[PDB]
Structures are given as structure tokens and as C-alpha cells.
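Protein chains in written order, with the deposited numbering: chain CC, 2 to 207; chain EE, 3 to 23, 32 to 153; chain x, 2 to 263; chain z, 61 to 237. Ideal Cβ positions, reconstructed from N, Cα and C, are used throughout, including at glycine.
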RNA sequence: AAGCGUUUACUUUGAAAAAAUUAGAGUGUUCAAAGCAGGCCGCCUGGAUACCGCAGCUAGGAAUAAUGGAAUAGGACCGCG
RNA sequence: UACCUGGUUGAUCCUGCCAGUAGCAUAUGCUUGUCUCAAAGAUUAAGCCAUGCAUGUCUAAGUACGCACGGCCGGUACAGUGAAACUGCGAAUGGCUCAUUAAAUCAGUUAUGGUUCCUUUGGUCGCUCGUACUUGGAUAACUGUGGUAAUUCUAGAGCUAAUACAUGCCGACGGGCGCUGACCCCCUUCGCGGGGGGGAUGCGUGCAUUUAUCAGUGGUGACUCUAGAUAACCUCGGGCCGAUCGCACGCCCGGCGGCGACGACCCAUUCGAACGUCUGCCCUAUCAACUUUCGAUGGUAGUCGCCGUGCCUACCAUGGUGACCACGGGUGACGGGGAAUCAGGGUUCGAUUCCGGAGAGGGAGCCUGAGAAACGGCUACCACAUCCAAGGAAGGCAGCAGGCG
């Protein structure tokens with residue numbers, strides 16, 4: 002197959018390296034995974050040393066971390082928006098490392114409304130009819146209200162992050178290598194990182 | 003200033019999106043009695059191949075050279091004069107091997123003819139296996 | 002080659018085994034174990050060439066399969082087990098215990114020890130590891146990973162382990178003035194007191210060791226094994242006592258003993 | 061040339077066959093070899109067809125259904141013996157194992173019984189007690205060695221605190237000097 | 001006792017440098033080419049040593065051959081606002 | 001032993017080469033009594049091969065219902081050998097040759113802090129909080145039918161075993177640690193307020209992998225090292241937490257026990273393998289410019305890989321080497337330790353028993369396996385070549401002998 006070798010190409014000066022041996026097994030090269038968004042299809046590949054790597058081929062879930070409060074949730078990926086490597090990786094929705102994806106914000110909304118007891122998202126005009134989040138937001142005791150108020154004092158959220166929670170989709174960068182270990186984890190963008198990636202998405206869209 | 007590439011430029015060690023009520035910069039010692047430069051700590055750039063603010067460690071050999079080419083970006087070409095002794099003809103000869111060394115951007119006052127100190131590391135590219143550790147100015151020419 | 006080696010040539014065999022050329026093409030390749038390739042002496046060579054008990058390798062296989070040779074706490078049934086430095090071979094029927102110490106030359110010595118000495122042995126630690134639950138681990142030269150140690154132990158120290166339980170009893174810390182056994186190189190078999198330590202950042206350190214007769218010599222740290230504190234070793238020493246006197250003095254000691262014996 | 065299921069032809073097809081495939085026994089561990097088989101469609105370009113009578117008709121054939129051949133080997137696993145004889149988990153298997161008579165000229169008539177595999181025996185019970193006793197020994201060794209290292213670390217902490225107090229007393233002596 | 005010290009070429013010591021082969025201690029394979037053996041009423045033993053180009057590490061020297069200080073003075077040094 | 005002699009001329013002295021002189025290799029001619037060692041299809045053809053052999057293997061310790069032998073003490077399975085076979089491991093070791101290869105291999109010195117690693121050895125393996133006195137069905141060996149001219153070609157029918165293939169809990173297991181926390185208690189304030197404790201239900205809480213944060217037990221010259229805590233995953237083409245076996249036999253009043261063997265998740269050790277740092281190689285200018293959007297030299301971000309790298313991909317900059325000989329070509333060049341000649345200097349050979357590299361006529365691709373781009377492994381093309389009943393099958397002696405050229 003394809004070989005990883007520094008001898009198949011030219012020198013520093015420009016001459017040609019004549020082959021003194023053929024392709025080896027330690028010069029192993031395998032084709033790309035190029036995973037998609039769908040039901041979980043992860044194959045196993047025996048590698049050098051008897052170990053196993055995990056090729057994703059279609060994958061939707063991803064355990065994504067939010068770093069200002071350091072909590073991860075298993076979140077389904079729905080869209081691929083930005084990739085600094087190739088424009089074709091944005092055209093055809095292919096997950097690789099350092100992709101900017103739109104992820105569901107409802108587990109982070111549930112965690113925020115269960116921890117800090119503050120409304121998150123919730124465009125004015127709608128109320129929850131199963132009443133479960135209303136029960137989770139109301140019905141507080143005497144001395145635990147001080148702890149909820151001390152949580153409320155340190156619950157400032159950014160403007161662009163608040164707009165993204167209002168839209169319901171967050172921007173997440175894929176940090177784990179998806180085609181090697183099979184997992185496609187990552188972290189939610191915040192601050193100047195999110196401003197830079199939104200400026201690049203706006204420059205792409207025009 | 004910085005961040006002119008397509009992706010975001012940051013250091014993989016430090017975190018910068020903490021709860022706010032200057033960004034923290036990571037640096038490290040290099041060993042072998044070499045002192046760290048001031049601008050590598052004071053600056054706001056990044057470099058993943060810098061021997062002070064990057065994921066690379068200086069091992070093996072520590073050598074020297076003289077700078078002869080600076081036409082490349084984030085790397086320079088040094089020149090190495092050495093004398094070879096043939097056992098038959100008891101004289102010397104001038105040979106030079108001009109290796110490519112990754113010039114870290116912590117040094118800015120670098121011209122040609124400057125004696126530079128290089129150090130062995132992991133191969134960062136096809137022909138670069140060396141980082142610039144310290145830069146000595148050439149003989150004379152204060153301006 | 003397309004994998005790991007399994008044979009070893011007689012010419013490619015190391016010098017300290019002192020094997021002969023006329024007999025065989027191959028040499029007994031030592032198996033994988035606590036010691037390296039060119040630092041040990043196998044059980045088949047120790048039983049056939051040094052002691053001259055058996056005659057053939059089949060007889061060596063018969064001796065090791067009658068369960069007679071008990072190497073350092075457990076009977077091994079292999080003829081090419083790596084028996085390196087500080088190894089106690091216990092033979093039950095003869096009542097003889099052998100400690101593998103180097104001679105003053107490059108070879109090992111047939112060194113007879115008491116069972117009171119054979120109960121313990123001394124081993125230099127190589128490194129200190131931190132296990133998965135914050136547990137310190139000592140890794141020695143014979144790959145003995147011993148955990149929960151005395152926290153006084155450093156990288157270049159020696160520990161006195163017990164063969165019947167596999168636990169440490171005492172230790173020698175690397176201090177200036179202690180004894181030394183040079184375990185490798187041109188000074189293979191030298192015994193002297195440590196008089197200088199020279200550190201090197203990046204480069205490899207060196208130790209100047211002074212002989213008891215006044216012969217100071219430098220030695221790299223990779224071939225240094227301390228055997229006691231000051232001038233009191235905790236092992237028994239073979240004849241020669243690690244001096245390496247001159248070849249004219251060796252000729253004199255041979256000729257005077259020959260003319261005295263007659 | 062033999063047949064093959066699923067290749068779905070009528071002529072002659074050469075295919076790669078490995079371990080786990082029909083009409084090819086591997087010789088090396090993982091050896092693959094081109095073999096020549098036929099499709100699973102029955103035509104006149106054949107020699108022998110293998111037929112299995114599933115349902116027996118009205119009349120009785122004297123060639124197949126007349127002479128009945130008994131089974132050659134009996135069950136060997138005790139669970140299969142229980143499944144055959146409809147046994148419980150408390151009754152005996154050794155008295156209910158199937159044994160075979162042996163008779164020929166010259167030698168005496170014998171009766172041979174198979175070795176029952178996976179039968180509950182006190183040797184397996186002793187091994188089952190043995191590995192959990194080794195687990196108990198490992199846990200007791202970890203507890204005793206952790207307690208001994210806790211005592212040793214407490215002694216080292218006491219002497220290190222004494223050394224720190226000596227160093228702070230030396231600093232106080234230098235400050236008074 | 002630990003650290004620093006204007007850079008090289010040079011020069012001296014020290015470790016690392018696989019064996020066989022090269023020289024060479026001992027040995028009556030009847031001598032010798034060879035081999036690592038043998039002698040005594042269980043022991044004595046040896047199976048050494050030397051060379052190992054070239055490059056690299058370390059520890060002293062600065063004669064020799066380069067290299068530059070400060071000259072529109074943004075020149076050193078002990079101190080201040 | 002730092003060595004000369006004859007030859008141009010009628011004769012002399014030079015330069016100058018030739019011829020003598022002595023070894024080490026290769027062949028050849030003549031002759032040949034003993035004995036100890038001893039090279040031996042390398043030079044042209046790394047050209048082609050009939051024949052036969054060269055890697056298979058069982059211990060009391062994985063499977064034993066072939067009477068092939070076999071003991072009588074049996075009805076409480078298997079006395080003990082044991083063909084064949086499943087499974088495990090080796091077959092990636094060794095032998096041959098130098099075809100290719102000129103900063104390539106290789107020699108000296110380095111690091112893997114940038115990676116893997118069978119076996120052996122030393123550590124781990126009630127740490128996890130939810131039928132176990134032992135789980136399920138398929139098959140070989142065997143009985144029987146055979147197809148083909150022929151193969152180490154195999155199929156349908158009846159079975160039967162696992163340390164081959166999957167599922168999988170009892171015991172520790174009663175309480176600890178973080179959370180939600182119903183609710184309760186004490187003091188003070190007229191009161192809101194403030195301070196200090198106990199606690200129902202449920203969840204998570206072993207090692208290993210992935211994501212990010214906080215702090216900084218033990219070291220290195222140096223970590224984004226080892227380790228602690230924090231919020232989850234733990235790839236159905238699933239990760240370990242023994243659903244194994246053998247020998248004498250004991251202690252309680254059914255429960256407890258030894259010597260071992262084998263297989264295993266992780267950390268070390270060893271044999272290594274591979275990528276890298278610096279220096280070193282024959283001749284040629286009738287080879288002066290070479291490389292480069294068919295990667296050339298770097299940066300950013302990815303893919304693959306065991307890991308670091310244009311190894312490869314998308315976009316940017318036009319760079320990189322060279323008269324100190326790059327680039328191109330040739331070699332009757334594998335490199336080295338070494339061999340011969342020798343005053344000192346050097347000159348020539350090295351394919352050859354020791355190490356490293358390459359390979360089985362030429363390339364290319366892959367399963368197995370820890371380790372192969374393996375060829376006494378396969379898969380396609382070129383060249384050679386075997387049996388045929390004319391449908392097909394089958395091969396790689398630069399291994400050992402042997403045959404042709």
C-alpha cells in the first residue's frame with residue numbers, strides 16, 4: 002500500500018534516492034477513516050504490537066466538555082460548519098480533529114437550570130407544560146437558599162454564549178482524534194476563541 | 003499582530019476562558043545552564059516549535075554555527091566551518107555542512123555573521139532537528 | 002533481520018565466558034531474564050566449563066531437570082538462564098552455595114559462601130517509579146520491582162534483600178569513602194574506596210575510586226556497585242581481593258610460588 | 061470440483077478461500093488460496109447430487125428407512141447428559157452415563173465408559189477454594205504492608221519535622237547573630 | 001563543597017570503545033604449525049597484556065594561527081531623581 | 001635487513017623506461033612415499049533444474065467412548081501406554097549469495113523526554129456496590145456414500161470434547177467518601193437576618209483509554225514526567241477482574257487448606273527492531289548549475305502510522321544545494337572488524353565462516369503472527385518450466401548433495 006518513508010523522495014540538495022530495499026511492514030500506511038454523522042459504526046483495526054485502533058465511519062454522539070465550569074456531556078452532533086484544513090471537509094460533512102460543529106445545548110441548559118437555578122435560553126412567551134423544570138427551579142428550603150444565592154452571584158454568562166444558548170446550538174471544537182481511538186470528543190468554544198471562529202465563519206459565508 | 007492563519011493560535015498548556023470576576035503564558039527551563047530569554051516570557055505570540063514555549067525538549071548534542079541565510083520564515087540556515095585532517099597529506103581542508111535550524115521568534119536582533127548556539131531535539135521537519143538556544147552578536151558592528 | 006535473534010555464535014560470545022573455539026560453531030545464547038546479554042554467565046557454562054561437574058549439555062539438562070540447582074530462591078529448569086552479578090546458586094545435595102562475584106580479571110569466580118551468607122544478597126537499585134496509587138517502587142539491576150521502600154533510598158544506592166521473603170533489610174547510600182565493585186569495562190574486577198564524584202549536566206557522570214594500595218582510577222557511573230560502608234564490606238571476597246597488580250608482579254608471585262612448591 | 065453456497069453461478073468459479081470457508085481446509089494459520097468451485101444452481105453439468113430426505117412419505121423404501129443405524133458416540137458433557145435423560149441438578153450423572161460394550165475374538169468382553177468433562181469434583185472445589193484463598197492472602201499482604209509503610213512514613217515525617225525545626229532554629233540563631 | 005567565566009584550531013590525562021585476527025606471558029599437541037591447556041600427592045591454577053585510525057564527552061595550558069572591544073562615543077564602573 | 005643488477009654508445013656521465021629480484025593470490029604442466037591441519041561454482045551465468053532431504057513438536061500438569069495394546073477389584077465416569085486429530089507454540093531462527101546500493105549501507109559517539117516489544121524474571125490481579133457445587137451450541141479423529149485421470153483436492157448424512165468460539169454471576173458486601181438533601185436541633189436579634197451540627201431516598205466511587213480544569217508524593221540538566229482531586233465515555237468488528245489441569249492427603253462440627261503448571265488487563269527487565277545528532281567513502285567536468293505547483297525548501301491545521309517529520313493532504317512564502325565539486329554518470333563498489341607488502345610514509349584486496357544491510361528469476365499486494373511486505377506463505381502480471389484422459393492441476397536449490405550451460 003502507501004508507505005511512510007523518508008527514502009522514497011528527494012534529498013535536501015535535490016538528488017534522487019535510489020531504492021536499496023522494497024517497502025516494509027513498519028512503513029505502514031492505511032487509508033483515511035473519513036467519518037460521517039449517523040448511527041455509530043466503529044470498526045477495529047489490528048495495529049503494530051498486537052493492539053487495536055478504532056476507526057469511526059459514521060458517528061453522531063460526542064462527550065463534549067464546557068471548560069468555564071469543567072463539565073462534559075454526551076451530545077449529538079448535528080452540523081459541521083468550519084474546518085481550517087480543507088474546504089471539502091466543510092462541503093461534505095466529515096469529522097476530523099479541530100472541526101467546529103454545532104452541538105445541542107439542552108444538557109448544558111438542564112445542568113445550568115439544575116445547579117444555578119437561573120433561566121437559560123427561554124425566549125419570552127413559552128412555559129413548560131410538563132412542569133418538571135418549574136419544580137426544579139421552585140421549591141427551595143430556608144438555609145439552602147443562601148447556597149443558591151451564592152451560586153447565582155457567580156453565574157455571569159457571556160453575550161455571544163448567551164445568544165448561542167438562545168439559538169440552541171453551541172460551537173464545539175473536536176479535540177480528540179476521531180479516526181484513531183474512535184471517540185470524537187472536544188470542547189465548547191468560549192471568549193476570544195469563539196470570536197475568532199465566528200469571524201472566520203462570517204468571512205466564509207459573506 | 004498575531005493569529006493570521008485559518009485556525010486559532012493558542013498554547014496547549016494554559017487556559018484563557020476562565021471566569022473574570032493579561033493572558034497567562036507558559037514557559038519552562040531548558041537545561042545545560044542556558045538562561046531563558048526575556049521576550050519569550052514577555053511576548054504574546056505562540057510557537058509550537060519554540061524550545062521554551064513549545065512541546066519540544068533539547069536532548070543529545072549542543073553545537074554552534076554562524077548565520078548565513080535568513081530568507082525563510084520561523085527558521086534560518088546556519089554555516090559550520092570545520093577542518094578535516096587527512097592522515098596521508100598532513101594538512102587541513104575547509105568543509106562545511108549548512109544545516110537548517112528552527113530560529114525561534116524569541117530572538118529579534120539576528121543578522122548574518124552572528125555566532126549562534128544550536129541544540130539537538132526531535133525532528134520538527136524534514137531537515138530541521140535543532141533549536142536556537144542563545145544568540146551571540148558578531149564581532150564589532152554595534153549599530 | 003526480520004525479528005529477534007535466537008542463536009549466538011561461539012566467536013560472537015563475550016570474552017568473560019572464556020569459551021573455546023575448537024568445539025562448536027554456536028554458543029549458548031542466554032535466555033531473557035534479570036540480566037543483560039554480555040553481563041551474565043549462563044548456567045550451562047557455569048556447570049560445565051567452570052565447575053567441570055558434567056560433560057555435555059544433555060548432562061547439564063539432566064542435572065537441571067532432576068531439580069538440584071536452586072538459583073536465588075526458586076529452581077529454574079532452563080540451561081541458559083541468565084546468571085549475572087550477585088546471584089546465589091544453591092545446590093542441595095553437595096551442600097555448597099556459590100555467589101557469582103567477578104574475579105580480579107574479567108571472568109567470574111567460583112566463590113563458595115556459607116548458607117548464612119546465602120540467605121541474603123546485595124542489589125543496586127536502578128530507578129524509582131511511582132505506581133498507580135502513589136506507591137514508590139524500586140527497580141534494581143536484576144529487575145526486582147520492590148514497593149513500599151525506605152524513603153532514604155536514592156537512585157544509585159544498594160539494598161540488602163532477603164531471599165526467603167523478597168523484602169529489604171538494610172541499605173548502603175552512595176557516599177564518599179565507601180567501597181566499590183566496578184561491574185564492567187576495562188576495570189572489571191577492581192575493589193577500592195570512593196574518593197571523588199564529578200557530576201555532569203547533560204553528559205554522563207564519573208567517579209574517581211582510589212584503591213587500598215593507592216591506585217586511583219576513574220569509572221563511569223553505569224558500571225559501579227558499592228559493597229559496603231567505609232572499609233567494611235557486607236559480602237565475602239574472593240582471592241586477589243580486587244587489586245590488579247602488574248604483570249611483572251604476577252610473574253614474580255607465580256615463579257616464587259612454583260619454586261617454593263617444587 | 062465441489063459446490064459452494066452463495067456464489068450463484070452455473071459454470072466454474074475460482075475464489076479466494078481462507079479459514080472458515082467451505083471446500084478449503086487451511087494448512088498454515090491463516091493461509092489463503094485460490095480454489096475452483098461450482099455455483100449453487102443445479103444443472104445437468106454435474107456428477108453426484110447430495111440429497112437429504114427431510115419428510116418421509118407414505119411408502120417405505122427398503123434401502124434407507126429399513127435398516128436403522130444407531131449413534132456411534134454417546135454424550136460426554138454432564139449438562140448434555142442431563143439434557144438427554146431429563147435430569148435435575150442433584151441426581152447422579154456417573155450412574156447415568158452411557159457406556160459401550162466391546163467384544164471380539166481372542167480378547168475378553170469389556171465395557172468402556174467415557175471420561176465425563178466438567179463434572180463437579182472435590183479437586184475443582186479445592187482449586188476454587190485455592191484461588192479465593194490466594195485473593196485473601198493478597199488482600200492481607202496489602203493491608204499489612206500498607207500498615208508497615210504507614211508506620212515507616214509516620215517515622216520519616218516525625219524526623220523530617222525534627223529536621224525542619226532544627227533548620228528554623230538555625231535560622232533563628234542566624235537572625236539573633 | 002556547589003555555580004559562572006570571549007569563542008575556536010592546537011596540545012596532555014581519564015572513561016566508553018564486541019569477539020576472531022596483529023604482537024606478546026604461561027603450557028612438552030614427541031618438536032613445530034596449532035589449541036587453551038596441565039602438574040602433584042583434592043589442591044594449585046591460568047585462560048593476561050598491548051594496538052584499537054577518525055569523530056564526540058570531560059579535566060589543565062594560552063606560546064602559536066584567527067577573532068573583536070571605545071573613535072559622529074547610545075564607551076565601561078560605584079552611586080542617585 | 002631503510003639493499004641492487006644487465007640493456008641505447010667506439011667508449012663515458014645522466015634522464016628515462018624495459019628486463020631481471022622476492023612474497024602474497026588464481027589457473028595450468030610434470031612428478032609424488034608418510035603424517036597433522038586445511039581453502040574449495042565467487043570472478044563469465046543473482047543462469048536453469050530431474051531426484052532425495054532440509055521445521056515440526058506432549059509433559060504425572062489443555063482435549064483419549066480407534067479394544068491398536070491392555071489389569072480385574074468393578075457397575076461410584078476415566079487403571080496405564082496410546083495411532084490419528086483439535087488446540088498452543090515455532091515456522092520472522094539458521095544456511096547461501098553480494099544482485100542492488102556511493103551520506104545510501106556500514107564504522108566510532110549519542111538519545112527515543114518521539115515508539116513498539118513473544119518468551120523469561122520481578123511487581124499487580126476480594127480494592128468496582130450490581131445456574132455459579134460450573135452456562136450455550138458447532139466441529140475434528142470415528143461409521144458410511146463417494147466425484148476427479150491426477151493434488152498435502154475434499155462434501156453432503158450420524159455424532160462427540162475444550163485452556164478452540166461466545167455468555168456470565170454468587171463471595172468479598174457492612175459500611176466508608178462526594179453530591180443532590182426532604183427535614184430536625186441550639187444561640188442571638190421585636191422581626192427579617194447571622195452562626196454551628198445530625199440526617200431519609202437515589203446516583204457515582206477498581207485498574208486501562210479519551211476530553212478539559214485546579215493544585216503541586218517522588219525524580220531528571222530539562223515535561224505537556226509519575227502521581228492526587230474534579231464532570232462523563234469505556235467502541236457489540238466489546239479490555240482484565242481464572243466458568244482450566246496434575247500429585248501424595250490432612251483440620252473442625254457441610255465448612256477450610258499445600259506443591260505446582262498454563263493463560264492473562266497494566267508497570268518494569270532482557271533479546272531486540274526502527275527512526276533520529278555529528279564525523280568518515282573510488283573515479284569522472286568530454287557532467288556547471290540542480291530541485292520545484294507530478295513536494296522542491298518551510299509555516300499553519302489535519303489524515304495515516306507504533307511514535308516525530310511534506311510521509312501524505314488544503315492554503316500561503318519562494319525558498320533549499322553548489323567550485324569547500326552540488327547535481328548527473330560509471331564501478332570487475334555491500335560496508336566494517338580484517339589480509340598481503342612493508343624503514344617511516346603509504347599501495348592493493350576484502351563476496352568469503354565475526355557484526356550490520358539486501359533477497360530468494362523481476363517488480364507489486366496481503367492474511368496470520370509480538371515480530372514478514374516472509375517466498376521449504378499466499379495473491380495478479382513478465383520470463384522459464386511439469387503431469388494431463390485436453391476438463392484441469394501445480395513450481396521457485398544466490399540451502400544440502402547432485403545435473404546442463
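With the rule of 3 Cβ pairs closer than 8 angstroms, the segment 42-60 of chain CC does not count as touching the segment 157-173 of chain CC.
As DSSP reads the structure, residue 63 of chain z sits in a beta bridge with z:98. For residue 107 of chain CC, the enclosing alpha helix (DSSP H) covers residues 107-116. Note that the C-beta distance between residue 65 of chain z and residue 100 of chain z is below 8 angstroms.
Nearest neighbour of residue 188 of chain x by Cα position, chosen from x:48, x:53, x:239 and x:103, turns out to be x:103. Here residue 247 of chain x is exposed. Its C-beta has fewer than 16 other C-beta atoms within 10 Å. It is roughly 12 angstroms from the alpha-carbon of residue 152 of chain EE to the alpha-carbon of residue 121 of chain EE. When 8 angstroms is used as the limit between beta carbons, residue 202 of chain x is near these residues of chain EE: 41, 42 and 43, in chain order.
Using a 10 angstroms sphere on the CB of residue 75 of chain x, the tally of other CB atoms stays under 16, which defines it as exposed. Here the alpha carbon of residue 113 of chain x sits roughly 57 angstroms from the alpha carbon of residue 92 of chain EE.
Here residue 101 of chain EE is exposed: its Cβ has fewer than 16 other Cβ atoms, across all protein chains shown, within 10 Å. Within chain EE, the residues placing a beta-carbon under 9 angstroms from that of residue 194 of chain CC are 10, 12, 18 and 19, ordered along the chain. Between residue 201 of chain CC and residue 83 of chain CC, the beta carbon gap of about 6 angstroms places them in contact (Cβ cut-off 8 angstroms).
Taking 8 angstroms as the threshold, the shortest C-beta distance from residue 163 of chain x to chain z does not fall below it.
Taken in chain order, the members of the segment 68-95 of chain CC whose beta-carbon sits within less than 7 angstroms of a beta-carbon on chain EE are 68, 69 and 85.
For the C-beta of residue 151 of chain x, the chain z residues within less than 8 angstroms are, from N- to C-terminus, 212. Scanning chain EE for C-beta atoms nearer than 8 angstroms to the C-beta of residue 191 of chain CC yields 19, reported in chain order. Contact annotation: residue 188 of chain CC and residue 204 of chain CC have beta-carbon atoms that are not nearer than 8 angstroms. Interface annotation, residue 5 of chain EE: in contact with chain CC, CB-CB separation under 8 angstroms. Beta-bridge partners assigned by DSSP to residue 82 of chain x: none are found. The residue from EE:22, EE:115 and EE:16 with its alpha-carbon nearest to that of residue 36 of chain EE is EE:16. Against chain x, a Cβ distance below 7 angstroms from residue 205 of chain z picks out 149. As the crow flies, the alpha-carbon of residue 76 of chain EE is around 20 angstroms from that of residue 47 of chain EE.
With fewer than 16 other CB atoms across the displayed protein chains lying within 10 angstroms of its CB, residue 115 of chain CC is exposed. Linking residue 71 of chain z to residue 114 of chain z through their CA atoms gives a straight-line distance of about 28 angstroms.
For the C-beta of residue 54 of chain EE, not a single chain CC residue is nearer than 9 angstroms; the gap to the nearest is close to 12 angstroms. Close partners of residue 216 of chain z in chain x (Cβ separation under 7 angstroms): 152. For residue 197 of chain CC, the closest Cβ of chain EE is nearer than 8 angstroms.
Shown here, residue 221 of chain x sits in a strand according to DSSP, grouped into three states. Within the same chain, and ignoring the five residues on either side of residue 5 of chain CC in sequence, the residues whose Cβ sits closer than 6 angstroms to its Cβ are 28 and 30.
Excluding its 5 nearest sequence neighbours in each direction, residue 95 of chain EE has C-beta neighbours in its own chain below 7 angstroms: 102, listed in chain order. Annotation: residue 13 of chain EE is outside any beta strand (DSSP E) and is labelled neither H nor E by DSSP.
Shown here, residue 162 of chain CC sits in a helix according to DSSP, grouped into three states. The residues 29, 30, 31, 32, 43, 44 and 45, in chain order, have a CB closer than 8 angstroms to that of residue 81 of chain x in the same chain once the five nearest residues on each side in sequence are set aside.
Minimum Cα-Cα distance from residue 158 of chain x among the listed residues x:61, x:21 and x:125 corresponds to x:125.
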